[PDB]
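# Requesting a structural model of the entry that follows:
(3 chains)
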Amino acid sequence: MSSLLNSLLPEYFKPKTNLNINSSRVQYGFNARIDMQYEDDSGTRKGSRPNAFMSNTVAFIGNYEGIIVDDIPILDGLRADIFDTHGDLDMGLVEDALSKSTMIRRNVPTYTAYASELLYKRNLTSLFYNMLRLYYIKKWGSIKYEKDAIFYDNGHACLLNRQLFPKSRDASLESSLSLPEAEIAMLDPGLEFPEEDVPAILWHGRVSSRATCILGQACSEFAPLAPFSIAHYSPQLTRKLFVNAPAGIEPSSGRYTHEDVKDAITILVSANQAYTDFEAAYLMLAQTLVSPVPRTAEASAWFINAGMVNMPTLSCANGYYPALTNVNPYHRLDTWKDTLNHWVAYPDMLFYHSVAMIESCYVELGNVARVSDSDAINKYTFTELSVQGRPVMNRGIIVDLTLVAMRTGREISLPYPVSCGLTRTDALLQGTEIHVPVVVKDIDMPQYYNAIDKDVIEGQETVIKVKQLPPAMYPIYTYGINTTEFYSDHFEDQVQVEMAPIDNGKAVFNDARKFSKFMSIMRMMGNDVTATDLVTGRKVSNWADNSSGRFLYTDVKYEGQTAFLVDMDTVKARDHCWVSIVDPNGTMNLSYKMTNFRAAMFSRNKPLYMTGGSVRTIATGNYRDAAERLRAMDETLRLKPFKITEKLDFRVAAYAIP
Amino acid sequence: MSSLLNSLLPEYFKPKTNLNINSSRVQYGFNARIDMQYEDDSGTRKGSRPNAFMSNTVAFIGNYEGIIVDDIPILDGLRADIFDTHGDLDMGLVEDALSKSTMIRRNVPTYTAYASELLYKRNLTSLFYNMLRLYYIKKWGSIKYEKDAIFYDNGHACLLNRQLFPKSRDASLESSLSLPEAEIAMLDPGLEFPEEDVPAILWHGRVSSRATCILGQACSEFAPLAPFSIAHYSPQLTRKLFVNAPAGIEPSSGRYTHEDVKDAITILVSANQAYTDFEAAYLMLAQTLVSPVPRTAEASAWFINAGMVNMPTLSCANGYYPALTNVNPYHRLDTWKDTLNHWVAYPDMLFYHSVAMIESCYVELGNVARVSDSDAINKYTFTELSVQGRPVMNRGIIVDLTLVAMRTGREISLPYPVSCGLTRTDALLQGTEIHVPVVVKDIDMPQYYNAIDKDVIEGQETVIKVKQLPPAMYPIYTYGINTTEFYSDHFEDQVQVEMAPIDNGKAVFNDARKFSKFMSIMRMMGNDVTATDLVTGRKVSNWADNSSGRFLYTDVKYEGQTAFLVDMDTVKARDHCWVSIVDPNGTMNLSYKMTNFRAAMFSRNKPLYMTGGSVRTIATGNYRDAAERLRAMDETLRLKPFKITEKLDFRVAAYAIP
Amino acid sequence: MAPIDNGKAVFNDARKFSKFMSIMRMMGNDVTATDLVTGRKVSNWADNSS
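Numbering: from 1, shown residues only, chains lettered A, B, ... in the order given. Next comes the structure:
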């Protein structure tokens, strides 16, 4: 659904068509003007950062594994005559429709008997999904993956690509897959009895030399070398695929460009009348196009074990019954062609729709992981109460759409209760300790991180014990639309730390809430604060991120009693464009204000600019008003004359309109 | 945009068609009559300057470099039916448009897929840019650049063309470039898949033997030997260029006249309907064509670092799909063929439009440089507040047209937000003193200029320091259209200043404004006064520039606060009218009137006379046969002007919204 | 003062120069001005009573 994913984008964000991606890492964000203030009994110290960049790093790598599951049939496409008043295939009108058609008379009785089983095999989501992946593999084919590269680095702990993804050879995305071609046979119209467990599709005119090569590779096993997101492992959809094309199927060309895959999709959707099938495939790919680079070192627990992708079995019986598909189809919603029409016009817009969906999910799974099991709406039972339909199993797209509904605070409506795609809530529901590997840089690591060893020499491979999952992404596109006090993503905020002159700089935060806001605002001001817990004896640093520049309470890496000693004569100025706290006395009052917002994207430590035309909000009415218009100007070549007009020179001629 | 740049010229001046330029340097100015009237405590004196020549100097020498960048598509020339009710390109109607205009309907699905990807990147501005440069290389192909010539010469200091332009030799303009030829192949109709990264263009009848050689050289690399404005380094546009000509193309001749390049441009525009693409290239050349000769030695800091010329990527899909270009083209403005109709009639008029543009930019940057970096409108954030469109980036022409709006004080509007051309604000946007290399002519040079070596000898090559960039040009064409206090370019003005007490033979001027008014009066009377800056200990002189007969405060060459000790005993008498007095007494009143303006141009120390007939006006009205003004003010670029609000400091300038 | 000036301020007026130098001494700051015309020096700390 293009419509619901479009509304997630911010108001200030004005996207263009083309986006020239030339790397496997993008820092999307915005530039804002922060007017910071520090008030005290001595006086006020004002600062101003005119261009403050708040970013979330997003990569094109992520371990996924496809499995073939059984899903509901999508009945949108078949002629409206055979359907009854309630909206199910009234068998008896099917036998009537087949009888009054251009079918062979000896096949009518035997084909009608099979109809009861074969007409309820309508799900082309798996085919469209694979064909969409082939489009983006050939478009962004020049992106590279190095084996000994930095997945994450925060100064203390480092995590390499070798650690998370073993059995991984370095190669380009184009050179990753070597897809073998499945057989594309021609359906004989005079076949005695239809062959079930072999799908048959429709086609307009002649199957081109390149269309054979695309359909051949789409219905085949994906066995990748490099762990890419749009080239993950998928099982063999089918062995053989029939195509009811009276004009013969040309043999396989071997080569094809990304423009030829768009040609193949547009013919397949139009012939089969499968637009709702495409809408399902569009939302599936939106989840599993890009995966987020973790915000903290201990936020890598989400991507340790491979999340399963639920691909519904390829099943289509249109080739055997050409009569039942015509120009008057049955559809539930009137805006059922909107998702395809959006993709054909603006293919590269999927990148923005993808980051919008994963940012919405991973933000909400952040503040869902911090609720006790003894509650009404908890970790296990947040999907059941929200869903008001009848899906087969609460997995895939249902779990991701219900998290988006919680974030935006609106009602998401789909025409069919389809349960296909990636399932994210895997590591959460387990409710056990996860052992993430790490290579150390400094020697004073295991004070900060909950490490397995207490003394570790530099360059050693250690393990961190993560119990509660910290947030993987900070809200950026969904900044101050549905604000919570955990993230504290306000435009205006203030904190009041109360100290007396008798205290020699040392302040104890009994409250946990205002400790989080103090440590966060001090980092905007470019000050390196290092607090020490009095009960346990561990240490926390506000500088625990190089992207967002905020301090969340989950950076403590421990749930206990709150007694944080902060010594305010060991505060060090780290960044540029900073206010100085030289020597405070009395009550401190910190405050900031974010005024304006400008969309910015970075890649390879350089600005990535959006190019091409101005993207519009395509509606169903905007095309069918031109159908209402029809260009009703009678196609008659009316040539109008020009009267020559003489003036002073007479050498040169001058023509007038009348 | 002819009508825009034509408005910048003064109301009294109307230039003739032809101009035989026969040098690399042209003075332009006017011969005005000044009627001064003096009054002080001693008495009254009345005089009259009968003939006074105020002029700038402009040259054909400027170091520039080309970069190929991706910009917006210009959707002008495509048929009106493919566009919907709003100003948006619908792919639903492209499928219909291509379907109705063919008998072979097998190719419609393939044609639509490729067309959707190519239409959002169509731009012929870079091709017309090179074709225009080839026209002027052949026409003015007898201009000599000598390496051991003078660039600036005052009397104390001197800059040679060895400095500012190393890696250069002595050559004529025709001898500078030795262009190779790109392959101009013929597109046979029947080819089904458009070859990627090769543009295809339409043509009228047979491609002439001469037309081949021009298109071949226009696409090739430019590698100059001598630094020339219209022969600057440009990267290779394309390798191949298809031409859908019904009659086959002829082989390349090798030689062509400047008249043959006009025939090539006129055909290429008419066939492709690329009138708005030409308008972009016309404005883009108006910036580059000429460069200023600096007013003082400090104003050479602008032209040290090579400014980047943003040339858009060459792409076009008219040759493949000639159905999309028909007899009813889509245009936003009704005056969309005025710029080409102006150039084809009067080619040599571009010289006057270029001088008018570069003057307006370099005059207003004189004020922007003096703005403090702690206000709403400053050097960093003046373009962003002005623009009211959605370009790719605030670069090239958008920066230049913003400065023209600030000069004239009128709202400038283009149909498409194009960001292509020279960016000047590079030396300005950096907090670093610039090291201008100079030659010592007189032994007393270190007293005047801020030199590194305080002791020098006639012939030594030293370096001078420039912190704040002074004005490179004085207002001549834009004289009195809007008068600032800094320049003081009034027709009628009454200057009042109080003379400081002359103790021994020295008068102390503590205030900054009073000192500016005093030396401004004494210059108009014609008295060469020399003062000593007390803080620095360097001698200032009101006779700094001889060409423009006025005193600017930037001739002091010291940003900050100071007090001046004026030498009243050594007041020389260079130019004496009857008004001219040596001994001022009490409150000095000078009231002057300027009348009888007449434009005059000098080239190689002789008068340069305009030849040919009188320019008759070509211009189209807002409506041809259009009923309702469908505003469509969403995509169109608009540039809002800023008015200078004078304040007490006088050294600092400030902008406000009118 | 403007940021373009690197701390250096010239007092054209005599009245406000006296008030600046006096209030800076209440605040306990040793200021040393230099006259541009003559070339002599003045110090605000020229008394230990008032």
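# so what's the residue nearest to residue A:552 when sequence neighbours are not counted up against?
Nearest residue to residue A:552 in three dimensions, chain neighbours excluded: residue A:471, at 6.3 Å (C-beta to C-beta, 6 or more residues apart in numbering or on different chains). Bear in mind the C-beta positions are built from the backbone N, C-alpha and C, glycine included. Residues in contact with residue A:471 (C-beta atoms under 8 Å, 6 or more residues apart in numbering or on different chains) are A:295, A:299, A:362, A:363, A:365, A:366, A:367, A:487, A:552, A:554.
# how about residue A:471, secondary structure?
Following DSSP: H, G, I helix; E, B strand; the rest coil, residue A:471 is assigned to coil.
# Point me to the residue of the stretch 201-350 of chain A nearest chain C.
Minimum separation of the stretch 201-350 of chain A from chain C (C-beta to the nearest C-beta) falls at residue A:295, amounting to 37.8 Å.
# go on, chain A?
For chain A, C-beta to the nearest C-beta, closest residue to chain C: residue A:43, 13.0 Å.
# so which strand or helix has that residue?
Using DSSP states H and E, residue A:43 sits in no helix or strand.
# Also residue A:523?
helix A:513-524.
# Output the contacting helices and strands for that helix.
Helix A:513-524 is packed against strand A:492-497, strand A:588-603, with contacts defined by 3 or more C-beta pairs under 8 Å, 6 or more residues apart in numbering or on different chains; DSSP states H and E.
# mind putting the ones you listed in TSV, distance to chain B and mean neighbour count included?
Below are the helices and strands packed on helix A:513-524 laid out as TSV (distance: least, C-beta to the nearest C-beta, whole Å; neighbours: other C-beta atoms under 10 Å in any protein chain shown):
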stretch	distance to chain B	mean neighbour count
strand A:492-497	21	14
strand A:588-603	9	16
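# Would you state the helices of the stretch 1-150 of chain A in chain order?
A:2-7, A:93-99, A:108-118, A:125-139 (DSSP state H, counting those that start in this stretch).
# Out of the ones you listed, flag the one nearest chain B.
Using C-beta to the nearest C-beta as the measure, helix A:125-139 is the one of the helices of the stretch 1-150 of chain A that comes nearest chain B, at 9.8 Å.
# show me the contacts for the residue nearest in space to the middle of chain A.
Nearest to the mean C-alpha position of chain A, by C-alpha atoms, centre = their mean, lies residue A:354 at 2.5 Å. Applying C-beta under 8 Å, 6+ apart to residue A:354 gives the contacts A:285, A:286, A:287, A:289, A:290.
# Shouldn't it be within a helix?
Yes - according to three-state DSSP, residue A:354 belongs to a helix.
# quick one: it from residue B:497, how far?
Relative to residue B:497, residue A:354 is positioned 69 Å away (C-beta to C-beta, to the nearest Å).
# go on, residue A:637?
Counting by C-beta to C-beta - residue A:637 and residue B:497 are separated by 78 Å.
# same question, residue A:228
According to C-beta to C-beta, residue A:228 and residue B:497 sit 76 Å apart.
# repeat for residue A:632
77 Å.
# ok, now which ones touch residue A:5?
A:283, A:286, A:353, A:356, A:357.
# What of residue A:616?
Contacts of residue A:616 by C-beta under 8 Å, 6+ apart are B:86, B:88.
# Run through the residues of the stretch 301-450 of chain A sitting next to chain B.
A:341, A:344, A:345 (C-beta under 8 Å from any C-beta of the partner chain).
# for chain A, same thing?
So far as C-beta under 8 Å from any C-beta goes, chain A lies against chain B at A:14, A:16-18, A:20, A:50, A:204-206, A:208, A:257, A:259-260, A:262-263, A:266-267, A:341, A:344-345, A:609-614, A:616, A:622-623, A:625-626, A:631, A:657.
# The same query, at a cut-off of 6 Å, please.
Proximity of chain A to chain B is confined to A:14, A:17, A:259, A:262-263, A:267, A:344-345, A:609, A:611-613, A:616, A:622-623, A:625-626, A:631 under the rule C-beta under 6 Å from any C-beta of the partner chain.
# Give me the buried subset of those residues.
A:17, A:259, A:262-263, A:267, A:344-345, A:609, A:611-613, A:616, A:622-623, A:626 (16 or more other C-beta atoms under 10 Å in any protein chain shown).
# Which of those fall within strands?
In strands, judged by DSSP state E, the following of those are found: A:17, A:611, A:612, A:613.
# Show me which of those residues is closest to residue A:68.
Nearest to residue A:68 among these is residue A:17, at 35.3 Å by C-beta to C-beta.
# Chain neighbours aside, what residue packs nearest to the closest one?
residue A:612 (3.5 Å).
# cool, and residue A:608?
Distance criterion C-beta to C-beta, 6+ apart; nearest residue to residue A:608, sequence neighbours excluded, is residue A:601 at 4.3 Å.
# Likewise for residue A:62?
Closest to residue A:62 by C-beta to C-beta, 6+ apart is residue A:291, at 3.3 Å.
# Which strand residues bridge the one you found?
In this entry, residue A:291 is beta-bridged to residue A:59, by DSSP bridges.
# What is the neighbour count of it?
Here the number of neighbours of residue A:291 (other C-beta atoms under 10 Å in any protein chain shown) works out to 24.
# coming back round to it: helix or strand next in line after the helix holding residue A:523, which one?
Downstream of helix A:513-524 (by DSSP H and E), the next one is strand A:527-528.
# From the rest of the structure, what touches that following strand?
Residues from elsewhere that reach strand A:527-528 (C-beta atoms under 6 Å, 6 or more residues apart in numbering or on different chains): A:543, A:571, A:572, A:574.
# dump the residue contacts of the second one.
With contacts taken as C-beta under 6 Å, 6+ apart, residue A:571 has the following neighbours: A:527, A:529, A:581.
# ok so the last one is a strand residue?
The reference is to residue A:581. No - assessed with three-state DSSP, residue A:581 is coil; it does not lie in a strand.
# quick one: contacts for it?
residue A:571.
# How about the second one?
Contact analysis of residue A:529 by C-beta under 6 Å, 6+ apart lists A:519, A:522, A:542, A:571.
# What is the nearest of those residues to chain B?
Nearest member of these to chain B, counting by C-beta to the nearest C-beta, is residue A:522, at 25.2 Å.
# Okay, the closest residue to the closest one other than its chain neighbours and residue A:590: tell me how far apart.
With C-beta to C-beta, 6+ apart as the criterion, residue A:522 has its nearest non-adjacent residue at 5.1 Å, and that residue is residue A:529. Computed as C-beta to C-beta, the residue A:529 to residue A:590 distance reads 12 Å.
# So which residues make contact with the helix holding residue A:523?
Here helix A:513-524 has contacts from A:36, A:495, A:497, A:509, A:529, A:542, A:549-551, A:553, A:564, A:590, A:592, using C-beta under 6 Å, 6+ apart.
# Would you convert those into CSV that also reports distance to residue B:119?
Shown next, in CSV, are these (distance: C-beta to C-beta, whole Å):
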residue, distance to residue B:119
A:36, 47
A:495, 54
A:497, 60
A:509, 60
A:529, 55
A:542, 51
A:549, 41
A:550, 43
A:551, 48
A:553, 51
A:564, 60
A:590, 53
A:592, 46
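# Tell me the one of those nearest residue A:274?
residue A:550 (45.1 Å).
# and the nearest residue to the closest one once chain neighbours are set aside, how many residues sit next to it?
Leaving aside its sequence neighbours, residue A:550 sits nearest to residue A:520 (C-beta to C-beta, 6+ apart; 5.2 Å). For residue A:520, the neighbour count with other C-beta under 10 Å is 21.
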